[PDB]
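A.B. asks: mmCIF, C-alpha atoms, file coords39.cif:
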```cif
data_coords
#
loop_
_atom_site.label_atom_id
_atom_site.label_comp_id
_atom_site.auth_asym_id
_atom_site.auth_seq_id
_atom_site.Cartn_x
_atom_site.Cartn_y
_atom_site.Cartn_z
CA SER A 5 6.49 7.40 -31.77
CA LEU A 6 5.36 3.74 -32.28
CA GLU A 7 4.91 3.51 -28.44
CA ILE A 8 3.02 6.90 -28.36
CA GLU A 9 0.66 5.64 -31.15
CA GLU A 10 0.03 2.37 -29.17
CA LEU A 11 -0.82 4.53 -26.06
CA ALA A 12 -3.19 6.74 -28.20
CA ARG A 13 -4.90 3.66 -29.80
CA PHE A 14 -5.12 2.08 -26.26
CA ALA A 15 -6.78 5.33 -24.96
CA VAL A 16 -9.42 5.36 -27.80
CA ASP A 17 -10.07 1.58 -27.23
CA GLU A 18 -10.44 2.06 -23.40
CA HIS A 19 -12.77 5.11 -24.00
CA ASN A 20 -14.86 2.92 -26.42
CA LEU A 27 -14.50 6.71 -31.86
CA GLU A 28 -12.00 5.82 -34.68
CA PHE A 29 -8.29 6.74 -34.05
CA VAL A 30 -6.90 8.96 -36.89
CA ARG A 31 -3.55 10.36 -35.54
CA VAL A 32 -1.61 11.77 -32.52
CA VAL A 33 -1.60 15.65 -32.56
CA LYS A 34 0.54 16.17 -29.36
CA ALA A 35 2.24 13.98 -26.67
CA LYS A 36 4.04 14.97 -23.40
CA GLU A 37 5.14 12.82 -20.38
CA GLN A 38 5.01 14.41 -16.85
CA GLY A 39 5.26 13.36 -13.17
CA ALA A 40 7.86 10.52 -13.07
CA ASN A 41 10.22 10.26 -10.10
CA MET A 42 13.91 10.56 -11.19
CA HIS A 43 14.71 6.84 -11.82
CA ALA A 44 14.79 4.48 -14.83
CA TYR A 45 11.37 2.75 -15.42
CA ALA A 46 9.51 5.18 -13.07
CA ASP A 47 5.69 5.32 -13.50
CA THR A 48 4.71 8.23 -15.81
CA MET A 49 1.56 9.97 -17.14
CA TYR A 50 1.26 10.64 -20.92
CA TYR A 51 -0.79 13.74 -21.91
CA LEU A 52 -2.04 12.90 -25.46
CA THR A 53 -3.89 15.19 -27.93
CA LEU A 54 -5.35 12.85 -30.65
CA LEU A 64 -9.56 16.70 -31.26
CA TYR A 65 -9.43 14.84 -27.87
CA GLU A 66 -7.12 15.06 -24.77
CA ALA A 67 -6.26 11.69 -23.07
CA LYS A 68 -4.24 10.90 -19.88
CA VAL A 69 -2.61 7.39 -20.02
CA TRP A 70 -0.53 5.78 -17.21
CA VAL A 71 2.58 3.77 -18.13
CA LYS A 72 3.31 1.76 -14.94
CA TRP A 73 6.06 -0.76 -14.07
CA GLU A 74 5.98 -3.59 -11.46
CA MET A 75 8.27 -6.55 -10.65
CA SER A 76 6.56 -10.01 -10.83
CA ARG A 77 8.74 -13.02 -9.74
CA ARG A 78 11.91 -10.86 -10.33
CA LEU A 79 10.69 -10.02 -13.92
CA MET A 80 10.04 -6.31 -14.75
CA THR A 81 6.48 -5.86 -16.16
CA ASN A 82 4.97 -2.83 -17.98
CA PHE A 83 1.21 -2.00 -18.23
CA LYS A 84 -1.09 0.91 -19.29
CA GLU A 85 -4.20 2.49 -17.63
CA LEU A 86 -6.55 5.17 -19.09
CA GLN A 87 -6.91 8.10 -16.59
CA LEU B 1976 -18.46 13.80 30.25
CA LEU B 1977 -20.69 12.85 27.23
CA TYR B 1978 -17.91 10.34 26.24
CA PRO B 1979 -15.98 9.34 29.43
CA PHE B 1980 -13.42 7.34 27.32
CA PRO B 1981 -13.34 9.32 24.03
CA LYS B 1982 -12.11 7.07 21.15
CA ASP B 1983 -10.93 10.01 18.93
CA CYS B 1984 -10.51 13.84 18.92
CA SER B 1985 -14.12 14.33 17.62
CA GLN B 1986 -15.51 12.73 20.86
CA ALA B 1987 -13.02 14.89 22.88
CA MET B 1988 -14.41 18.00 21.07
CA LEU B 1989 -18.07 16.89 21.64
CA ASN B 1990 -17.08 16.62 25.39
CA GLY B 1991 -16.47 20.44 25.23
CA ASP B 1992 -12.64 20.42 24.68
CA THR B 1993 -12.16 23.13 21.97
CA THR B 1994 -8.38 23.90 22.42
CA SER B 1995 -5.72 22.20 20.20
CA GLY B 1996 -3.18 20.13 22.17
CA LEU B 1997 -2.52 16.72 23.75
CA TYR B 1998 -5.54 14.60 24.83
CA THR B 1999 -5.81 10.98 26.01
CA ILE B 2000 -8.10 8.90 23.74
CA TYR B 2001 -9.09 5.24 24.37
CA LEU B 2002 -9.14 2.75 21.45
CA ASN B 2003 -12.77 1.45 21.11
CA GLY B 2004 -13.55 3.42 24.34
CA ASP B 2005 -11.47 0.83 26.35
CA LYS B 2006 -9.99 2.36 29.60
CA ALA B 2007 -7.06 -0.15 29.25
CA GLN B 2008 -6.11 1.19 25.73
CA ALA B 2009 -5.10 4.84 26.45
CA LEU B 2010 -3.19 6.74 23.67
CA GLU B 2011 -2.03 10.41 24.14
CA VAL B 2012 -2.61 12.13 20.74
CA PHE B 2013 -2.44 15.71 19.43
CA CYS B 2014 -5.96 17.04 18.59
CA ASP B 2015 -6.27 19.85 15.99
CA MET B 2016 -9.52 21.47 17.23
CA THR B 2017 -9.36 24.60 14.96
CA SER B 2018 -8.78 23.42 11.31
CA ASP B 2019 -11.87 22.79 9.15
CA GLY B 2020 -14.36 22.14 12.04
CA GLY B 2021 -11.84 20.57 14.48
CA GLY B 2022 -11.97 17.08 16.08
CA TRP B 2023 -8.83 15.94 14.11
CA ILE B 2024 -6.26 13.38 15.37
CA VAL B 2025 -2.94 14.64 13.91
CA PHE B 2026 -0.84 11.61 12.82
CA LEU B 2027 2.03 13.40 10.95
CA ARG B 2028 3.62 16.81 11.54
CA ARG B 2029 6.52 18.33 9.57
CA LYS B 2030 7.52 21.93 10.44
CA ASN B 2031 11.32 22.38 10.97
CA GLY B 2032 13.40 19.22 10.18
CA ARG B 2033 14.41 18.61 13.84
CA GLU B 2034 13.03 14.98 13.84
CA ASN B 2035 14.40 12.01 11.81
CA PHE B 2036 11.79 10.51 9.39
CA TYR B 2037 14.36 8.22 7.66
CA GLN B 2038 13.39 5.41 10.07
CA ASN B 2039 12.91 1.61 9.83
CA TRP B 2040 9.75 -0.60 9.69
CA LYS B 2041 9.59 -1.04 13.51
CA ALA B 2042 9.72 2.79 14.05
CA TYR B 2043 6.90 3.36 11.49
CA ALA B 2044 4.80 0.54 13.06
CA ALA B 2045 5.25 1.91 16.65
CA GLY B 2046 5.36 5.69 16.02
CA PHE B 2047 8.14 8.13 16.99
CA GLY B 2048 8.65 11.75 18.04
CA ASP B 2049 7.22 14.35 20.45
CA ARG B 2050 3.51 14.66 19.48
CA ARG B 2051 3.74 18.44 20.36
CA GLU B 2052 6.45 18.82 17.64
CA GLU B 2053 7.42 16.71 14.55
CA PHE B 2054 6.18 13.11 14.85
CA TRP B 2055 4.61 10.04 13.23
CA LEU B 2056 1.69 8.46 15.21
CA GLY B 2057 2.46 4.84 14.14
CA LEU B 2058 0.80 2.44 11.66
CA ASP B 2059 -0.56 0.07 14.38
CA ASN B 2060 -2.35 3.11 15.94
CA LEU B 2061 -3.66 4.21 12.49
CA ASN B 2062 -4.96 0.64 11.81
CA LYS B 2063 -6.77 0.51 15.21
CA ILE B 2064 -8.22 4.08 14.93
CA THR B 2065 -9.44 3.68 11.30
CA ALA B 2066 -11.04 0.28 12.27
CA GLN B 2067 -13.33 2.13 14.83
CA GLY B 2068 -15.60 3.56 12.07
CA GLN B 2069 -15.57 5.53 8.79
CA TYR B 2070 -12.74 8.13 8.91
CA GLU B 2071 -11.84 10.99 6.54
CA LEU B 2072 -8.27 12.27 5.96
CA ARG B 2073 -7.24 15.95 5.87
CA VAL B 2074 -3.79 17.17 4.72
CA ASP B 2075 -2.76 20.76 5.58
CA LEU B 2076 0.26 22.19 3.67
CA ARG B 2077 2.00 25.57 4.18
CA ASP B 2078 5.08 26.93 2.36
CA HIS B 2079 6.45 30.52 2.36
CA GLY B 2080 3.06 32.09 3.27
CA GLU B 2081 1.08 29.92 0.75
CA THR B 2082 -1.45 27.32 2.02
CA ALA B 2083 -3.27 24.38 0.42
CA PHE B 2084 -5.21 21.34 1.67
CA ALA B 2085 -6.61 18.00 0.54
CA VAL B 2086 -9.53 16.04 2.00
CA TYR B 2087 -10.23 12.34 1.30
CA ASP B 2088 -13.71 11.19 2.38
CA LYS B 2089 -12.52 7.57 3.02
CA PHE B 2090 -9.21 6.77 4.78
CA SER B 2091 -8.21 3.44 6.35
CA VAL B 2092 -4.99 1.54 7.16
CA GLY B 2093 -4.89 -2.30 7.17
CA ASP B 2094 -3.22 -4.44 9.86
CA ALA B 2095 0.45 -5.61 9.88
CA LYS B 2096 -0.48 -8.81 7.89
CA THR B 2097 -1.55 -6.47 4.98
CA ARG B 2098 1.69 -4.42 5.49
CA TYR B 2099 -0.68 -1.60 6.61
CA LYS B 2100 -2.47 -1.45 3.21
CA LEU B 2101 -3.72 2.10 2.43
CA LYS B 2102 -7.30 2.92 1.41
CA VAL B 2103 -7.65 6.59 0.39
CA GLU B 2104 -10.62 7.71 -1.75
CA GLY B 2105 -12.84 10.72 -2.49
CA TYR B 2106 -10.53 13.74 -3.08
CA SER B 2107 -11.51 17.39 -2.74
CA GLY B 2108 -9.60 20.61 -2.00
CA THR B 2109 -6.77 22.77 -3.42
CA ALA B 2110 -3.46 20.79 -3.03
CA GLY B 2111 -4.31 18.40 -5.92
CA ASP B 2112 -5.15 14.68 -5.81
CA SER B 2113 -1.65 13.24 -5.13
CA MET B 2114 -2.83 10.40 -2.79
CA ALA B 2115 -4.93 8.65 -5.53
CA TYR B 2116 -1.65 7.18 -6.95
CA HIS B 2117 -0.98 5.55 -3.51
CA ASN B 2118 -4.46 4.01 -2.98
CA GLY B 2119 -4.15 0.22 -2.44
CA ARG B 2120 -0.38 0.24 -1.67
CA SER B 2121 1.33 -1.49 1.27
CA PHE B 2122 3.75 0.54 3.42
CA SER B 2123 7.53 0.35 2.76
CA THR B 2124 10.66 1.51 4.64
CA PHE B 2125 14.35 1.37 3.56
CA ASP B 2126 14.69 -2.01 5.42
CA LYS B 2127 11.40 -3.59 4.11
CA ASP B 2128 10.88 -3.25 0.30
CA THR B 2129 7.99 -4.88 -1.70
CA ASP B 2130 8.13 -7.73 -4.30
CA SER B 2131 6.58 -5.26 -6.88
CA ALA B 2132 9.01 -2.26 -6.47
CA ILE B 2133 11.39 -1.50 -9.45
CA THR B 2134 13.76 0.38 -7.06
CA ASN B 2135 13.84 0.60 -3.23
CA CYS B 2136 11.61 3.75 -3.07
CA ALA B 2137 12.27 4.45 0.66
CA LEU B 2138 16.08 4.17 0.11
CA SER B 2139 16.06 6.27 -3.13
CA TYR B 2140 13.65 9.01 -1.91
CA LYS B 2141 14.90 9.33 1.69
CA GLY B 2142 11.64 8.48 3.51
CA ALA B 2143 8.88 5.94 4.20
CA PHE B 2144 5.40 5.74 2.61
CA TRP B 2145 2.77 3.61 0.88
CA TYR B 2146 5.11 3.78 -2.16
CA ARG B 2147 4.31 2.45 -5.66
CA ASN B 2148 6.99 3.42 -8.27
CA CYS B 2149 7.53 5.60 -6.38
CA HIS B 2150 5.39 8.57 -5.22
CA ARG B 2151 3.26 11.65 -5.79
CA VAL B 2152 3.23 12.18 -1.96
CA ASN B 2153 6.45 11.99 0.14
CA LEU B 2154 5.42 13.83 3.35
CA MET B 2155 7.83 11.63 5.43
CA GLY B 2156 10.71 12.57 3.05
CA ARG B 2157 13.90 14.44 3.95
CA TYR B 2158 13.37 17.97 5.37
CA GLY B 2159 14.59 20.86 3.17
CA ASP B 2160 15.59 18.38 0.39
CA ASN B 2161 14.73 20.01 -3.02
CA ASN B 2162 16.58 17.14 -4.86
CA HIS B 2163 14.07 15.47 -7.26
CA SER B 2164 11.56 13.30 -5.30
CA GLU B 2165 13.68 13.26 -2.05
CA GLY B 2166 11.88 15.98 -0.02
CA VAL B 2167 8.58 16.72 1.76
CA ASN B 2168 6.70 16.46 -1.55
CA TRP B 2169 3.07 16.88 -2.65
CA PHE B 2170 3.44 16.54 -6.44
CA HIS B 2171 0.17 18.22 -7.55
CA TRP B 2172 0.89 21.34 -5.38
CA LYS B 2173 4.69 21.99 -5.68
CA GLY B 2174 6.10 19.11 -7.80
CA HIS B 2175 9.10 16.82 -7.10
CA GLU B 2176 11.82 19.55 -6.76
CA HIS B 2177 10.25 21.56 -3.87
CA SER B 2178 10.36 20.34 -0.23
CA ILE B 2179 7.33 21.81 1.68
CA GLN B 2180 8.04 23.69 4.97
CA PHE B 2181 4.89 22.57 6.87
CA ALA B 2182 2.68 19.47 6.52
CA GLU B 2183 0.10 17.80 8.77
CA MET B 2184 -1.96 14.67 8.08
CA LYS B 2185 -4.99 14.16 10.36
CA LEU B 2186 -8.16 12.02 10.61
CA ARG B 2187 -11.65 12.10 12.14
CA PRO B 2188 -15.02 10.41 11.53
CA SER B 2189 -16.48 11.54 8.12
CA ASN B 2190 -19.99 11.91 9.73
CA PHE B 2191 -18.59 14.89 11.80
CA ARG B 2192 -19.20 17.05 8.63
CA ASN B 2193 -23.00 16.79 9.21
#
```
Re-express the file's structure as C-alpha cells.
C.D. replies:
Amino acid sequence: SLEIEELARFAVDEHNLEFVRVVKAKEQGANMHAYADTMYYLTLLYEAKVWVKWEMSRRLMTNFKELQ
Amino acid sequence: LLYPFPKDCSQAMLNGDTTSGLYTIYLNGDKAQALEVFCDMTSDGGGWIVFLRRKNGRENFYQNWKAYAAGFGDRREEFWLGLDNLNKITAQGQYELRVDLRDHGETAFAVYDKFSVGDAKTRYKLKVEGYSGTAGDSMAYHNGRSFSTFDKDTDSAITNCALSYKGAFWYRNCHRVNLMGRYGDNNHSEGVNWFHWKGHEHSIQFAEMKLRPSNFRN
C-alpha cells in the first residue's frame, strides 16, 4: 500500500494535478519469476499505467519506475 | 529484369515475381553476396522477406548464440533467418516489420513502421517503433534490447531469460514476445507467446515475422 501510493504519487508527478488518494490498483503482465518487470494499473478520477522494472548493475539488483 | 540483383523481396516483386516461395536476393545488390530467402508475396501487399516461421514444432528454436547469429532451418518450413542477415538487410534502407499470428482459426497481426537490427558488436541491438494492427503492441517492451540465448546472458538480466523461458530473443526481464519459444508450451512465459494477443499461458500455433522497405506502402 505504501509502495502503491509512491507509484500513484510518481504517476501524478510524471504527468505534471494534486494527488488525493488511490481508488484502485492491479498488477498485470509479469513473467513467472521473482522481480519480473510488471505494469501497475492505477485508478487515483484518473487511470495511470506505471512500469516497475528491475535490472542488474555491477551484480547489484536495481529497481526503477516509468509512467506509461 | 528491373533489378538484376534484387536486394530484398520488394525488388523481386517489382521484377514481376508475384508467387510466394524461395528467391535469391543479393545484399546491397552485390552478385557475390547471394542469400536464398522465403518471400511472402501475398500478405498485406507482398514483397516481404520472412525471417521467422513457426507452424508445427518440428524445428528446434532452443539454440545457442552461434545458431541465432548464422540462422538455422529449412526456409520452406520452420526457420530463423539469422541475426547477421537481419543486420545486413535492415542496414540497406528503412524497413518495416510485420508479424502474422494464427491460432485455432483466429488471426491477428502487428506492423512496426521502423525495424532494424544492430551488428554483432551491439549484440544485434533491436530497434522496433511505430506499432499498428490487431495483435497488440508487445514489441515496444523489447525496443532497445540486445539479443540473448541460453549460453549468452546480459549484465542487466535478473534471471537467464532464454534458459527460463525456453527460447532466444531481445529479452529484457523477460518478455511480452517469445516467438522463438518452445512449441506447444502453455507453461507461463515458455511458449510461442504474444502477450497482448493471447497472454503468457497460450502458445500460438502459427507465427511469421517478416520485413520490407517501409516506402513500399506508397
A.B. asks: Within 8 Å of chain A, which residues belong to chain B? Use all atoms listed in the file and report them as a list in words.
C.D. replies: residues 2130, 2131, 2132, 2133, 2148, 2149, 2150, 2151, 2163, 2164, 2170, 2174 and 2175 of chain B
A.B. asks: What separation in Å, quoted to one decimal, exists between atom CA of residue 2097 of chain B and atom CA of residue 2121 of chain B?
C.D. replies: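 Straight-line distance from atom CA of residue 2097 of chain B to atom CA of residue 2121 of chain B works out to 6.8 Å.
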A.B. asks: Please enumerate the residues selected by the PyMOL selection byres ((chain A and resi 52) around 7) when evaluated against the supplied file, formatted as a PyMOL selection string.
C.D. replies: chain A and resi 12+34-36+50-51+53-54+66-68
A.B. asks: So how far away is atom CA of residue 2057 of chain B from atom CA of residue 2129 of chain B, in Å?
C.D. replies: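 Here the two named atoms are 19.4 Å from each other.
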A.B. asks: Show me the residues close to (-8.9, 10.3, 4.8) - anything with an atom within 12 Å, counting all atoms listed in the file - and format the list as a ChimeraX atom specification.
C.D. replies: /B:2023-2026,2061,2064-2065,2068-2074,2085-2092,2101-2107,2114-2115,2118,2184-2189
A.B. asks: When you count all atoms listed in the file, which of these residues is closest to residue 2166 of chain B: B:2062, B:2180, B:2135, B:2123?
C.D. replies: B:2180
A.B. asks: Do a neighbour search on segment 2036-2050 of chain B at 7 Å with only C-alpha atoms, toss out local chain neighbours closer than 4 positions, and write the hits as a list in words.
C.D. replies: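 Surrounding residues, per the criterion: residues 2012, 2013, 2054, 2055, 2056, 2057, 2058, 2059, 2124, 2125, 2126, 2127, 2141, 2142, 2143, 2155 and 2156 of chain B.
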A.B. asks: Expand the PyMOL selection byres ((chain A and resi 19) around 12) into the individual residues it matches in the shown file, reporting them as a list in words.
C.D. replies: residues 12, 13, 14, 15, 16, 17, 18, 20, 27, 28, 29, 65, 66, 67, 68, 69, 85, 86 and 87 of chain A
